[PDB]
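Residue numbers (the entry's author numbering), protein chains in the order written: chain A, 54 to 229; chain E, 2 to 94; chain C, 1 to 56, 63 to 762, 786 to 1112; chain D, 1 to 55, 85 to 122.
Note that the Cβ used here is the ideal one computed from N, Cα and C, for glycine as well.
In what follows, a single structure is set out as structure tokens and then discussed.
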Amino acid sequence: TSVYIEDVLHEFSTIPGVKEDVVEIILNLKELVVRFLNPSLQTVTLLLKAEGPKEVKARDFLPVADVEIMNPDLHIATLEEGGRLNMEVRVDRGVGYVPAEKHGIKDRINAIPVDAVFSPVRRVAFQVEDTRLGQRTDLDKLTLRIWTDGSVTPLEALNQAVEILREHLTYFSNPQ
Amino acid sequence: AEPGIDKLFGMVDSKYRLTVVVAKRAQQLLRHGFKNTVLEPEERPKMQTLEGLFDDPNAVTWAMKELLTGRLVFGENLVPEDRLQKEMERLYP
Amino acid sequence: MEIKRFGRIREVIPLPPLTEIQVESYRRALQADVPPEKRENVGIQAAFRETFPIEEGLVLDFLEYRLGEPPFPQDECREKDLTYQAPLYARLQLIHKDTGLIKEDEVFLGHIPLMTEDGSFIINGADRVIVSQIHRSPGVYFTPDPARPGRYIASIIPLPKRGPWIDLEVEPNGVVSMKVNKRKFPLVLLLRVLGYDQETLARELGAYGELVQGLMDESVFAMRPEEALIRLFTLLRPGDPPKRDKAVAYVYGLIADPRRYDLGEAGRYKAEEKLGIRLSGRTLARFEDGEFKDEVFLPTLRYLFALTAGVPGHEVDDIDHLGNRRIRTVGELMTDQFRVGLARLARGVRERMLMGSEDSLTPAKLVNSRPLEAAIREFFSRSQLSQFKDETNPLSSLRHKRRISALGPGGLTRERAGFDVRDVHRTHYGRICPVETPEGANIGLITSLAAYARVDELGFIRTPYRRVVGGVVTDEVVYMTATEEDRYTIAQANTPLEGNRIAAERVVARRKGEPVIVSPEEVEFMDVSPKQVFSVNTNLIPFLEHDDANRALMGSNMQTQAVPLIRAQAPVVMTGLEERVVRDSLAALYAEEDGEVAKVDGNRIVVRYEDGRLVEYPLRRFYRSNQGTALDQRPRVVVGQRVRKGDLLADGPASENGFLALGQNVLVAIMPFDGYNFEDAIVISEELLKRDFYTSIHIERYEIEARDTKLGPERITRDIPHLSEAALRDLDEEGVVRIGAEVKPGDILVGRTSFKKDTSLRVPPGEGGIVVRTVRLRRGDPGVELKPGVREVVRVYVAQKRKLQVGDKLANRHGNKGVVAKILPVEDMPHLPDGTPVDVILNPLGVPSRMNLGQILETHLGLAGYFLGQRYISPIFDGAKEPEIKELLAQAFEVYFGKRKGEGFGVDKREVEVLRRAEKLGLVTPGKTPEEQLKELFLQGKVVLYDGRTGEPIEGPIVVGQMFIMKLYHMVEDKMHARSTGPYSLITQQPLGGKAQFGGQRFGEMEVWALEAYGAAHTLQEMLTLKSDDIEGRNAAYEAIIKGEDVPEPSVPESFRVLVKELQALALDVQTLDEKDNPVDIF
Amino acid sequence: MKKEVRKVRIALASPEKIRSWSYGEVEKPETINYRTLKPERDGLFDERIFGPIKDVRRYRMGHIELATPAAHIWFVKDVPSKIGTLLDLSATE
DNA sequence: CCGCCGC
RNA sequence: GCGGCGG
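Structure (structure tokens):
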């Protein structure tokens, strides 16, 4: 949801001894898939700082006990020599897509908000095959395959989905 | 499009005529108070956040709605210019 | 990603130095890189020798011109508004009548701009471009007569503008007609003047004409010879002393009027060949020996009589033939003005020869850099030819760097006469793109030059061909002159070859702009490549061969307006020039020599060459382009890498990996949605916004000055007179706004105070963003040119991220242009059998009417590339073919449907249903298995697609693929002012704007009529009153509305009132009247 | 009472009428005085002759009484001298 | 035709 | 008023 590099003021800046630009980095961060375990974790702030000749990968974040990062080898940046990179990246549990302009998170006055990508699913596909058993051949066999970034599971999603569907079905109760 | 614009047009001898009557009538709806209507009972205009179009959303909408019915009369010289506005203030608070 | 290219026409030689036009033109223009011992013969030095040997006795001669210490550096010139010029002086020596004495010395005569490595210039702050120019190359031509279908007339045209316009005509009544500048005179009269005697003249001239009876006629004026020189002078319109005052005749002699173009090929070319033969000197110049020599005159007439007689050689000259059309390279353009300055200086020095004590006068007393500087300076900053460098994106600037204009000096071509010039002439082949011209007025008049088109010694755009002998094709290429190309029978490059031997009997060729089927024995020359027929700009459209020329244009021009996107993607399908454009354009940074990398900073890149040198290459971090676009160099090399010579170290603005990229490759379904893609609307998937697919960075440069009023200097400080502290936060630096701050509409960007007050640069309504760079120029100026009155200047750079939204307009290289109508949630947009949804949905309907199949092609090939994971390079006319694409699509079916078979499942009940409607449609061969069927349907370039909203298929295969589409410099940021009320002009009472208040749209009479017609009485009244002039009307109106009331009735518009008085102010008495003609009061 | 403006008329101005529309006569040539933006009297900007400088002012007129007559260039230099034609003197010379 | 952007 | 783009 938001990021802050120590010596950087705006999203369009460049950090010494650091190939990639702020924009190139934050972009790569939206590719970061984290996973919390309990509601008690609404807004977690991951912290990371590495220096010198090294490659910063999402595993270099200092562990946050209950919440885990399934996006380890994600390339965050490449550091040359005297490459000082210390940053705090804010994370949240939400739903849908939120433009960095809509929320505008401000932990530190000089931090830059990032675009929100909350769908834990990349793609859904369903097929309707002809038969399994039955008196009549004209039958439907629905098999749906779901794909998840890792945050939640195929089954987990399916269930929540089913629930949201049911939840709406009830809204047909009180006429007027 | 509009509510019975067809009916409306058929009530006047000329298009532009309609507009004029429509307008001036919207004027009287607000000037001499907003209760100077003729079809306020059941079947009067309405809005959807609440049923408050019953007070003062769009004037013209009323006008036309009122003219659709044989309540009002319009003519070249129906009533003496000045006398009209004097009597109206008196009977409308 | 593998890169496969389908080129079969052996592209013999690589494309030339794309910006050579300007580059070399300036190099040869001002030979300042090499010594004067071998100093050139043209440009600068030539213009020097021109007006240098001064003779008023006085004698000031040229020695050597040297220049080379650039006051300041490029960037500095931009940040300081300074013009990047070189200091220019030269050694001049003055010889005296007193043979024993002479004077040598040096005088600096102004600064001349320099040419960047890209080819652009830097005048006052910004970068400008000197565009090419075309015209009637000063020569001699013969065109048919106006009305009289009889005989034709002769023309003699030499620039510059000062030079005389000569024509030659023969009439019924009698003899010759040689009109110079609005008047005519006997052609003989002059001949006699020069020495051509009746006898000698007639003999050699009429030895075949019989017209001669036209010339030998003088029996009265033809018997006096010199006296005819005086006779001619009388024929000057003005009354002047008949004492041999060569003057006006001196004018059309050798010096000014005709031309000082390089002796030999400049004008002489039009001589030798076209008519007559040898040239003496530079022009019809010879005022030596009391008598005159004009080896040009008689020939012109000597061809007139040949022209009207036989076929001594058929010379009917086609004006527009590029062979009588020259292109003015920057150099010639700058050099031109240079000699004008040279002339202007030479003017005063002659005056300063009689003005002073002999030896008391030396260099200074004869030289004043005043003329030359104003001269040159004027051209770069005032000439209608030097302009803002269209830098929306590199390519753009590059085109604008090489386009040819007809309008300019005015002596070459004007506005109201062009139907003839506007056409793409026969000769434009390989010399002028037939597609690059712009739509609308100014069409065909301004156009970019061709691929291999390179300007020769004197303009005539030459093009490359391949000499062929017998059935053998050669690599020996020659750059022919438009005229020389007609002499031969050239053939196309499409001609099948077995290496060096032709392959067919009836092999196409074009004689002289005429299509002719020739034999292998007659093919004298062959075309180099199809590329040369078009421009660089055009050469970028994939399947141009399948695209109507009219829309192709839209396609070429649209690339010029592509905007730099953070994520730059090269086209899934390319032409073959993308690499080159980024390369000769200077977007990306290449490695000079082989070696290794040292430091790969995000601001600099230091590499060590294996030869013995380690260089630090800074990378323009984030610079403000002329058009307000991001220009960053993103290193693509890792620390310690062995780099090959000429390898991309860092990527340019839109060129990622070294390829040109503008916009991105998106998956696209080509079908109709509700109406969201009605006439030319486009539907976009929210999914695109999510991966910042289409996002460009933009910068706006707001500038404020601390003017010096006689009321008290406008200071620049944090002191905001009206007591705000909440609006003074961001403005932390005393006066300036802090870097990294978020400026919204109405915040203070810079503060200032002036006399009776807060005058502060605020964020103009619309938007601002994040302040990223700031510039302040205080008192002790380092090397900047601060205008007068201007105490100090403050520049504030602001930027923001442009995410694609509904107003934005994108478009493909073929010509499909359009705006985003609805941003659809991936949730319910057209998805493929396998979860993959599409990105954009183009409305089919916009393809038939406009003729650009090319896009539907790109999409098919693009479909293969998606599942084949590969990019392709399809040449202009020689690219990929319909069979080869189906072949790659067949390969793609094994990736798409192949993994499908193994992954564990078969065909959907949906897939079967659309197959039914497809066979009944005639897309699939009835009787084959769904597997087989779908393949045949995929090869067609169409697959099955389910709705997404209903999950039900869309009856009928729909084509889909990777189409390369771009976002244009059209943000809606420039498209919406919403005004309720505000500032009015104090002179006319118009809601003009300026800072906080937007303007109101004009209503014009064109629109009033619109209203009148409707019978829109008050709607019209309102537009002329309550909304414009009745200061009491608009007032009552405002109030009323504040009250939720009914606007008052209109009083006499001040315009009425103002008229009564304007009419009272004069005798006229305008009195308004009542029913019965009586008075009435406006007041 | 007050009537819709149906006809407008252009006529010549009687000197008497010039005084009629007139409020005061501008008698002196004092444009602007620095001391007080307050108008310097009886030149141009005086308030009696035109009206109150504070909160119908820009609707009144003043007259200057010329010593010896002068004429309207509009009636003398128009292609056909309105006076030259009428009087019969050389129309233009 | 209208709208903008800049010496 | 000069120049550039868009419909």
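Could you give the C-beta distance for residue i and residue j, rounded to a whole number, given that I count them as a contact under 8 Å?
i	j	result
residue 178/A	residue 864/C	4 Å
residue 412/C	residue 427/C	6 Å
residue 499/C	residue 534/C	7 Å
residue 64/A	residue 88/A	Between residue 88/A and residue 64/A the Cβ distance is about 26 Å, and since that is not below 8 Å, they are no contact.
Measuring only the C-alpha atoms, how far is residue i from residue j?
i	j	result
residue 694/C	residue 670/C	10 Å
residue 944/C	residue 625/C	56 Å
residue 1/C	residue 894/C	9 Å
residue 736/C	residue 724/C	11 Å
residue 797/C	residue 755/C	9 Å
residue 6/D	residue 390/C	54 Å
residue 1009/C	residue 1003/C	18 Å
residue 361/C	residue 315/C	59 Å
residue 117/C	residue 665/C	38 Å
residue 848/C	residue 871/C	11 Å
residue 924/C	residue 123/A	28 Å
residue 492/C	residue 448/C	29 Å
Bridge partners for residue i per DSSP, in chain order?
i	result
residue 55/A	143/A and 166/A
residue 36/C	DSSP output for residue 36/C lists no bridge partner at all.
residue 838/C	848/C
residue 139/C	411/C
residue 61/C	Within chain C, the sequence of modelled residues goes 56 then 63, so residue 61/C has no position in this structure.
residue 102/C	64/C
residue 911/C	Per DSSP, none; premise fails for residue 911/C.
residue 568/C	997/C
residue 532/C	472/C and 497/C
For chain D, find out if any of its Cβ atoms is closer than 9 Å to the Cβ of residue i; answer yes or no.
i	result
residue 786/C	no
residue 1018/C	no
residue 689/C	no
Does the distance between the C-beta of residue i and the nearest non-hydrogen atom of the ligand SAM fall short of 8 Å?
i	result
residue 1017/C	Annotation note on the ligand SAM: not contained in the displayed structure, which lists no ligands.
Please check if any C-beta of chain A sits within less than 9 Å of the C-beta of residue i.
i	result
residue 867/C	no
residue 542/C	no
residue 608/C	yes
residue 164/C	no
residue 794/C	no
Using a Cβ cut-off of 9 Å (strictly closer), state whether residue i contacts chain C.
i	result
residue 34/D	no
residue 57/E	yes
residue 57/A	no
residue 66/E	no
residue 185/A	no
For residue i and chain E, any beta-carbon pair shorter than 9 Å?
i	result
residue 1121/C	The displayed coordinates of chain C run from 1 to 1112. Any statement about residue 1121/C would go beyond what the structure contains.
residue 1074/C	yes
residue 1044/C	yes
(request) Take every Cβ of the stretch 946-955 of chain C, pair it with every Cβ of the stretch 980-989 of chain C, and state whether three or more of those distances are shorter than 8 Å. (result) The stretch 980-989 of chain C and the stretch 946-955 of chain C touch, with three or more beta-carbon pairs separated by less than 8 Å.
(message) Can you confirm whether the stretch 396-414 of chain C touches the stretch 142-153 of chain C when touching is taken to mean that 3 or more C-beta pairs between the two stretches lie within less than 8 Å?
(response) Fewer than three beta-carbon pairs drawn from the stretch 142-153 of chain C and the stretch 396-414 of chain C are found closer than 8 Å, and the two stretches are therefore not classed as touching.
(request) Spell out a yes or no on whether the stretch 258-266 of chain C and the stretch 123-140 of chain C are touching, meaning 3 or more CB-CB pairs, one atom from each, closer than 8 Å. (result) With a cut-off of 8 Å, the stretch 123-140 of chain C and the stretch 258-266 of chain C do not count as touching, because too few Cβ pairs lie within range.
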